[PDB]
Structure formats: structure tokens, C-alpha cells
>>> print(open('target10.txt').read())   # compact mmCIF, C-alpha atoms and all ligand atoms
# COMPACT_ATOMS: atom_id res chain seq x y z
CA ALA A 224 -13.85 -0.55 17.63
CA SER A 225 -15.36 -0.27 14.16
CA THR A 226 -14.82 -1.62 10.67
CA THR A 227 -13.50 1.76 9.39
CA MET A 228 -10.00 1.79 7.93
CA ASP A 229 -7.82 4.91 8.12
CA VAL A 230 -7.23 6.70 4.76
CA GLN A 231 -4.60 9.37 4.06
CA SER A 232 -3.42 11.32 1.02
CA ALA A 233 0.15 10.67 -0.16
CA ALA A 234 2.45 10.78 -3.19
CA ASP A 235 4.01 7.97 -5.11
CA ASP A 236 7.75 7.69 -5.85
CA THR A 237 7.44 10.09 -8.82
CA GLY A 238 5.45 12.65 -6.85
CA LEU A 239 1.98 11.92 -8.11
CA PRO A 240 -1.06 11.76 -5.77
CA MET A 241 -2.41 8.55 -4.30
CA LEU A 242 -4.28 7.42 -1.23
CA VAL A 243 -2.79 5.18 1.44
CA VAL A 244 -5.22 2.95 3.38
CA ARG A 245 -4.35 1.28 6.66
CA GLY A 246 -4.68 -2.44 5.88
CA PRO A 247 -2.86 -4.99 3.74
CA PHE A 248 -3.59 -5.66 0.04
CA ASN A 249 -5.59 -8.80 0.80
CA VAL A 250 -8.00 -6.83 3.01
CA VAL A 251 -8.32 -3.68 0.93
CA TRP A 252 -8.75 -5.66 -2.36
CA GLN A 253 -11.62 -7.67 -0.86
CA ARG A 254 -13.34 -4.69 0.76
CA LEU A 255 -13.10 -2.41 -2.29
CA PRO A 256 -16.00 -3.51 -4.53
CA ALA A 257 -18.71 -2.99 -1.87
CA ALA A 258 -17.04 0.16 -0.53
CA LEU A 259 -16.73 1.62 -4.04
CA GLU A 260 -20.42 0.95 -4.71
CA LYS A 261 -21.32 3.24 -1.82
CA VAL A 262 -19.59 6.15 -3.50
CA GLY A 263 -20.99 5.60 -7.01
CA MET A 264 -18.07 3.53 -8.33
CA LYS A 265 -19.02 0.32 -10.11
CA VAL A 266 -16.27 -2.32 -10.69
CA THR A 267 -16.68 -3.43 -14.34
CA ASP A 268 -13.53 -5.66 -14.62
CA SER A 269 -10.56 -6.47 -12.33
CA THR A 270 -7.30 -8.35 -12.25
CA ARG A 271 -6.15 -9.19 -8.74
CA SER A 272 -2.73 -10.42 -9.84
CA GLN A 273 -1.99 -7.03 -11.44
CA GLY A 274 -3.73 -5.07 -8.71
CA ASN A 275 -6.03 -3.27 -11.15
CA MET A 276 -9.75 -2.49 -11.10
CA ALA A 277 -11.69 -0.79 -13.87
CA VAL A 278 -14.37 1.46 -12.41
CA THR A 279 -17.18 3.49 -13.82
CA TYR A 280 -18.10 6.44 -11.68
CA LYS A 281 -21.58 8.01 -11.41
CA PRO A 282 -21.48 10.86 -8.86
CA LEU A 283 -24.00 10.85 -6.07
CA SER A 284 -26.81 13.45 -5.94
CA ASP A 285 -26.16 16.39 -3.59
CA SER A 286 -28.47 14.73 -0.99
CA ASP A 287 -26.79 11.33 -1.24
CA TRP A 288 -23.35 12.85 -0.68
CA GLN A 289 -24.96 14.40 2.39
CA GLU A 290 -26.20 10.98 3.61
CA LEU A 291 -22.74 9.43 3.03
CA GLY A 292 -21.06 12.33 4.87
CA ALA A 293 -18.69 13.77 2.25
CA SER A 294 -19.30 16.25 -0.58
CA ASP A 295 -18.78 15.75 -4.29
CA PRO A 296 -15.02 15.27 -4.54
CA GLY A 297 -14.89 16.99 -7.93
CA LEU A 298 -14.12 13.87 -9.94
CA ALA A 299 -15.46 13.82 -13.50
CA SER A 300 -18.09 11.15 -14.19
CA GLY A 301 -16.95 8.25 -16.32
CA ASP A 302 -14.24 5.60 -16.36
CA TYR A 303 -11.24 5.29 -14.09
CA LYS A 304 -8.62 2.66 -13.39
CA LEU A 305 -7.84 2.03 -9.76
CA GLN A 306 -4.45 0.55 -8.92
CA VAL A 307 -4.16 -1.19 -5.56
CA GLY A 308 -0.62 -1.42 -4.29
CA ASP A 309 0.93 -3.67 -1.73
CA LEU A 310 2.57 -1.59 1.06
CA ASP A 311 2.77 -4.43 3.62
CA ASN A 312 0.38 -3.38 6.46
CA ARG A 313 -0.94 -0.59 4.24
CA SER A 314 -2.23 -0.41 0.68
CA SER A 315 -2.04 2.32 -1.88
CA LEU A 316 -4.95 3.37 -4.08
CA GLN A 317 -4.12 5.41 -7.15
CA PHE A 318 -6.80 6.51 -9.60
CA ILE A 319 -6.10 7.29 -13.21
CA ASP A 320 -8.30 8.45 -16.05
CA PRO A 321 -8.24 6.38 -19.23
CA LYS A 322 -5.49 8.66 -20.66
CA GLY A 323 -3.29 7.65 -17.72
CA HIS A 324 -3.74 10.98 -15.88
CA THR A 325 -3.64 10.87 -12.12
CA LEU A 326 -6.00 12.93 -9.98
CA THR A 327 -5.07 16.47 -8.88
CA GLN A 328 -3.83 16.87 -5.33
CA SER A 329 -7.16 18.55 -4.51
CA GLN A 330 -9.28 15.69 -5.94
CA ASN A 331 -7.11 13.10 -4.27
CA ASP A 332 -7.34 15.09 -1.00
CA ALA A 333 -11.17 15.24 -1.40
CA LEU A 334 -11.33 11.45 -1.78
CA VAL A 335 -9.88 10.91 1.71
CA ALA A 336 -13.27 11.75 3.39
CA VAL A 337 -15.15 9.90 0.67
CA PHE A 338 -13.25 6.66 1.29
CA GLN A 339 -13.29 6.96 5.05
CA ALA A 340 -17.08 7.12 4.67
CA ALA A 341 -17.21 4.23 2.19
CA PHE A 342 -15.24 1.89 4.49
CA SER A 343 -17.46 2.77 7.50
CL CL B 1 -26.15 1.27 -12.45
CL CL B 2 -10.72 -10.77 -7.24
>>> encode(input="target10.txt", output="C-alpha cells")
Amino acid sequence: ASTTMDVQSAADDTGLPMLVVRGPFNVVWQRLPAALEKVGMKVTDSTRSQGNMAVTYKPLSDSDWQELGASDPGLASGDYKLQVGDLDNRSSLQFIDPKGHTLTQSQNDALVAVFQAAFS
């Protein structure tokens, strides 16, 4: 078997979109910086005890998305915060803009393929 980790779209306990990834916090936290780099997300600061990563996102060119194997997920370039939650054998990933806005269901849905590619 491979190093890929399963990724699914979900909602948090208030109904807002997030991703759920099939491995524990300790694994997903450690894998994230190099996986994020593949999809144009640079970690600029992080706090593991709070589960939070600050990311700056530069979208891939049309050809690079093609190489990765997912198309541009329709996220705006710029800064995001990524919150990594402990769900025992799984982890949650929830992106916010700097105003605290969560992704749309469509963006969050589009990031499922992006992150399955990044972890591969
Ligand atoms: Cl750079
Ligand atoms: Cl760390």
C-alpha cells in the first residue's frame, strides 16, 4: 500500500465546512508542511499546542495543477489559517480566511482532490 491518506469533506458541529483526514493528529500535523508545499501553501508560523498553522497560498499555474492531478480549487490567493483538530484516528482540517470566514462547501469539496494529491 501507499503513503496516501484518505480525505473527505465534512461539517463541523456548527455546520461549517471542513476536511476530515484518515490519520491521527500526530501524523497529520507532521505530514502537513511538506504536503502543503506541493499545493502552493507555505507555512509561515505554527503552534502545535493550539493546532494552528498560518499559511500563505500561491495558486499553481494551470500546468502545475495538471501535474499534481487536481484543478485550481477556487481558493483566493493570500493568507489562511489552518486548524488541525484531534478526532482520535482521524484529524480535521478547517481553513479560514483572516476575517475568520470558512471556505464555501464548493471550495472545501474542491480541496478533497487537492489534498489527496498532496499526501500522495
Ligand atoms: Cl516562495
Ligand atoms: Cl511543530
>>> residues_near_point(input="target10.txt", point="(-9.5, 6.7, -13.3)", cutoff="6 Å", atoms="all atoms listed in the file", output="count of residues only")
6
>>> residues_near_point(input="target10.txt", point="(-8.7, -3.7, 6.3)", cutoff="8 Å", atoms="all atoms listed in the file", output="PyMOL selection string")
chain A and resi 226-228+245-247+250-251+254
>>> residues_near_ligand(input="target10.txt", ligand="ligand CL 2 (chain B)", cutoff="9 Å", atoms="all atoms listed in the file", output="list in words")
residues 252, 253, 269, 270, 271 and 272 of chain A
>>> closest_residue(input="target10.txt", among="A:298, A:264, A:340, A:316", to="ligand CL 1 (chain B)", atoms="all atoms listed in the file")
A:264
>>> closest_residue(input="target10.txt", among="A:325, A:343, A:330, A:315", to="residue 242 (chain A)", atoms="only C-alpha atoms")
A:315
>>> residues_around(input="target10.txt", residues="residue 305 (chain A)", least_positions_apart="2", cutoff="6 Å", atoms="only C-alpha atoms", output="PDB file with C-alpha atoms, keeping the file's coordinate frame")
ATOM      1  CA  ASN A 275      -6.030  -3.270 -11.150  1.00  0.00           C
ATOM      2  CA  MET A 276      -9.750  -2.490 -11.100  1.00  0.00           C
ATOM      3  CA  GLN A 317      -4.120   5.410  -7.150  1.00  0.00           C
ATOM      4  CA  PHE A 318      -6.800   6.510  -9.600  1.00  0.00           C
TER       5      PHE A 318
END
>>> atom_distance(input="target10.txt", atom1="CA of residue 336 (chain A)", atom2="CA of residue 244 (chain A)")
11.9 Å
>>> residues_near_ligand(input="target10.txt", ligand="ligand CL 1 (chain B)", cutoff="10 Å", atoms="all atoms listed in the file", output="list in words")
residues 260, 263, 264, 265, 279, 280 and 281 of chain A
>>> closest_residue(input="target10.txt", among="A:290, A:332, A:235, A:285", to="residue 306 (chain A)", atoms="all atoms listed in the file")
A:235
>>> closest_residue(input="target10.txt", among="A:308, A:301, A:296, A:274", to="residue 328 (chain A)", atoms="all atoms listed in the file")
A:296
>>> closest_residue(input="target10.txt", among="A:326, A:341, A:307, A:278", to="residue 243 (chain A)", atoms="only C-alpha atoms")
A:307
>>> decode(input="target10.txt", residues="region 246-272 of chain A", atoms="N, CA, C and O atoms", output="PDB file, in the first residue's frame")
ATOM      1  N   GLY A 246      -6.016   9.958   9.575  1.00  0.00           N
ATOM      2  CA  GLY A 246      -4.891   9.604  10.469  1.00  0.00           C
ATOM      3  C   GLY A 246      -4.923  10.554  11.634  1.00  0.00           C
ATOM      4  O   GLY A 246      -5.648  11.563  11.599  1.00  0.00           O
ATOM      5  N   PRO A 247      -4.269  10.167  12.722  1.00  0.00           N
ATOM      6  CA  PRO A 247      -4.332  10.920  13.978  1.00  0.00           C
ATOM      7  C   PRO A 247      -3.608  12.273  13.866  1.00  0.00           C
ATOM      8  O   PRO A 247      -2.758  12.462  12.984  1.00  0.00           O
ATOM      9  N   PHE A 248      -3.872  13.166  14.820  1.00  0.00           N
ATOM     10  CA  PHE A 248      -3.255  14.494  14.841  1.00  0.00           C
ATOM     11  C   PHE A 248      -1.739  14.415  14.713  1.00  0.00           C
ATOM     12  O   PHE A 248      -1.147  15.165  13.920  1.00  0.00           O
ATOM     13  N   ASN A 249      -1.092  13.542  15.496  1.00  0.00           N
ATOM     14  CA  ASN A 249       0.356  13.481  15.417  1.00  0.00           C
ATOM     15  C   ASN A 249       0.864  13.204  14.003  1.00  0.00           C
ATOM     16  O   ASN A 249       1.882  13.819  13.561  1.00  0.00           O
ATOM     17  N   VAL A 250       0.197  12.341  13.250  1.00  0.00           N
ATOM     18  CA  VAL A 250       0.625  12.079  11.879  1.00  0.00           C
ATOM     19  C   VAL A 250       0.303  13.209  10.902  1.00  0.00           C
ATOM     20  O   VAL A 250       1.186  13.678  10.159  1.00  0.00           O
ATOM     21  N   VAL A 251      -0.929  13.713  10.950  1.00  0.00           N
ATOM     22  CA  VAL A 251      -1.323  14.741  10.006  1.00  0.00           C
ATOM     23  C   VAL A 251      -0.548  16.053  10.280  1.00  0.00           C
ATOM     24  O   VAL A 251      -0.054  16.686   9.327  1.00  0.00           O
ATOM     25  N   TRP A 252      -0.344  16.416  11.544  1.00  0.00           N
ATOM     26  CA  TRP A 252       0.449  17.626  11.871  1.00  0.00           C
ATOM     27  C   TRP A 252       1.832  17.513  11.253  1.00  0.00           C
ATOM     28  O   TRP A 252       2.342  18.516  10.725  1.00  0.00           O
ATOM     29  N   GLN A 253       2.489  16.354  11.402  1.00  0.00           N
ATOM     30  CA  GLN A 253       3.867  16.235  10.898  1.00  0.00           C
ATOM     31  C   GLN A 253       3.940  16.211   9.390  1.00  0.00           C
ATOM     32  O   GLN A 253       4.909  16.741   8.818  1.00  0.00           O
ATOM     33  N   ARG A 254       2.950  15.616   8.742  1.00  0.00           N
ATOM     34  CA  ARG A 254       2.953  15.500   7.293  1.00  0.00           C
ATOM     35  C   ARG A 254       2.616  16.826   6.590  1.00  0.00           C
ATOM     36  O   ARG A 254       2.923  17.007   5.396  1.00  0.00           O
ATOM     37  N   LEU A 255       1.825  17.672   7.270  1.00  0.00           N
ATOM     38  CA  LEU A 255       1.245  18.844   6.639  1.00  0.00           C
ATOM     39  C   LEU A 255       2.250  19.809   5.948  1.00  0.00           C
ATOM     40  O   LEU A 255       2.007  20.192   4.816  1.00  0.00           O
ATOM     41  N   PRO A 256       3.339  20.198   6.593  1.00  0.00           N
ATOM     42  CA  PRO A 256       4.125  21.260   5.935  1.00  0.00           C
ATOM     43  C   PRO A 256       4.612  20.840   4.544  1.00  0.00           C
ATOM     44  O   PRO A 256       4.499  21.635   3.583  1.00  0.00           O
ATOM     45  N   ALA A 257       5.114  19.609   4.394  1.00  0.00           N
ATOM     46  CA  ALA A 257       5.615  19.200   3.074  1.00  0.00           C
ATOM     47  C   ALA A 257       4.469  18.926   2.085  1.00  0.00           C
ATOM     48  O   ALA A 257       4.538  19.278   0.886  1.00  0.00           O
ATOM     49  N   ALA A 258       3.341  18.421   2.590  1.00  0.00           N
ATOM     50  CA  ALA A 258       2.177  18.236   1.741  1.00  0.00           C
ATOM     51  C   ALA A 258       1.593  19.557   1.225  1.00  0.00           C
ATOM     52  O   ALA A 258       1.317  19.748   0.013  1.00  0.00           O
ATOM     53  N   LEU A 259       1.498  20.516   2.144  1.00  0.00           N
ATOM     54  CA  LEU A 259       1.009  21.863   1.810  1.00  0.00           C
ATOM     55  C   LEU A 259       1.892  22.523   0.761  1.00  0.00           C
ATOM     56  O   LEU A 259       1.368  23.188  -0.145  1.00  0.00           O
ATOM     57  N   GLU A 260       3.217  22.349   0.857  1.00  0.00           N
ATOM     58  CA  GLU A 260       4.118  22.965  -0.111  1.00  0.00           C
ATOM     59  C   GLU A 260       3.795  22.521  -1.527  1.00  0.00           C
ATOM     60  O   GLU A 260       3.945  23.325  -2.482  1.00  0.00           O
ATOM     61  N   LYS A 261       3.356  21.281  -1.668  1.00  0.00           N
ATOM     62  CA  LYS A 261       3.072  20.736  -3.001  1.00  0.00           C
ATOM     63  C   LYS A 261       1.916  21.449  -3.669  1.00  0.00           C
ATOM     64  O   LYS A 261       1.789  21.418  -4.907  1.00  0.00           O
ATOM     65  N   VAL A 262       1.036  22.036  -2.856  1.00  0.00           N
ATOM     66  CA  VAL A 262      -0.164  22.646  -3.389  1.00  0.00           C
ATOM     67  C   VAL A 262      -0.122  24.166  -3.234  1.00  0.00           C
ATOM     68  O   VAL A 262      -1.156  24.820  -3.360  1.00  0.00           O
ATOM     69  N   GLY A 263       1.086  24.725  -3.080  1.00  0.00           N
ATOM     70  CA  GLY A 263       1.297  26.160  -3.118  1.00  0.00           C
ATOM     71  C   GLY A 263       1.015  26.842  -1.789  1.00  0.00           C
ATOM     72  O   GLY A 263       1.013  28.082  -1.695  1.00  0.00           O
ATOM     73  N   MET A 264       0.949  26.053  -0.725  1.00  0.00           N
ATOM     74  CA  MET A 264       0.716  26.599   0.627  1.00  0.00           C
ATOM     75  C   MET A 264       1.972  26.543   1.434  1.00  0.00           C
ATOM     76  O   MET A 264       2.489  25.454   1.772  1.00  0.00           O
ATOM     77  N   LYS A 265       2.479  27.718   1.810  1.00  0.00           N
ATOM     78  CA  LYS A 265       3.687  27.863   2.598  1.00  0.00           C
ATOM     79  C   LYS A 265       3.306  28.072   4.071  1.00  0.00           C
ATOM     80  O   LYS A 265       2.561  28.993   4.381  1.00  0.00           O
ATOM     81  N   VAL A 266       3.846  27.256   4.984  1.00  0.00           N
ATOM     82  CA  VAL A 266       3.615  27.501   6.437  1.00  0.00           C
ATOM     83  C   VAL A 266       4.550  28.623   6.936  1.00  0.00           C
ATOM     84  O   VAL A 266       5.795  28.519   6.753  1.00  0.00           O
ATOM     85  N   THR A 267       3.966  29.740   7.378  1.00  0.00           N
ATOM     86  CA  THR A 267       4.777  30.899   7.796  1.00  0.00           C
ATOM     87  C   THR A 267       4.956  30.950   9.321  1.00  0.00           C
ATOM     88  O   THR A 267       5.908  31.563   9.826  1.00  0.00           O
ATOM     89  N   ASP A 268       4.104  30.237  10.069  1.00  0.00           N
ATOM     90  CA  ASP A 268       4.128  30.255  11.557  1.00  0.00           C
ATOM     91  C   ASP A 268       3.201  29.079  11.931  1.00  0.00           C
ATOM     92  O   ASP A 268       2.262  28.771  11.216  1.00  0.00           O
ATOM     93  N   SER A 269       3.433  28.489  13.109  1.00  0.00           N
ATOM     94  CA  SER A 269       2.543  27.426  13.603  1.00  0.00           C
ATOM     95  C   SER A 269       2.658  27.298  15.096  1.00  0.00           C
ATOM     96  O   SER A 269       3.695  27.695  15.692  1.00  0.00           O
ATOM     97  N   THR A 270       1.579  26.804  15.687  1.00  0.00           N
ATOM     98  CA  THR A 270       1.551  26.484  17.111  1.00  0.00           C
ATOM     99  C   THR A 270       0.927  25.108  17.276  1.00  0.00           C
ATOM    100  O   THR A 270      -0.307  24.968  17.224  1.00  0.00           O
ATOM    101  N   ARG A 271       1.767  24.093  17.505  1.00  0.00           N
ATOM    102  CA  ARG A 271       1.247  22.746  17.620  1.00  0.00           C
ATOM    103  C   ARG A 271       0.322  22.548  18.826  1.00  0.00           C
ATOM    104  O   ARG A 271      -0.710  21.869  18.704  1.00  0.00           O
ATOM    105  N   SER A 272       0.646  23.214  19.947  1.00  0.00           N
ATOM    106  CA  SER A 272      -0.277  23.042  21.084  1.00  0.00           C
ATOM    107  C   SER A 272      -1.695  23.556  20.896  1.00  0.00           C
ATOM    108  O   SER A 272      -2.631  23.103  21.576  1.00  0.00           O
TER     109      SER A 272
END
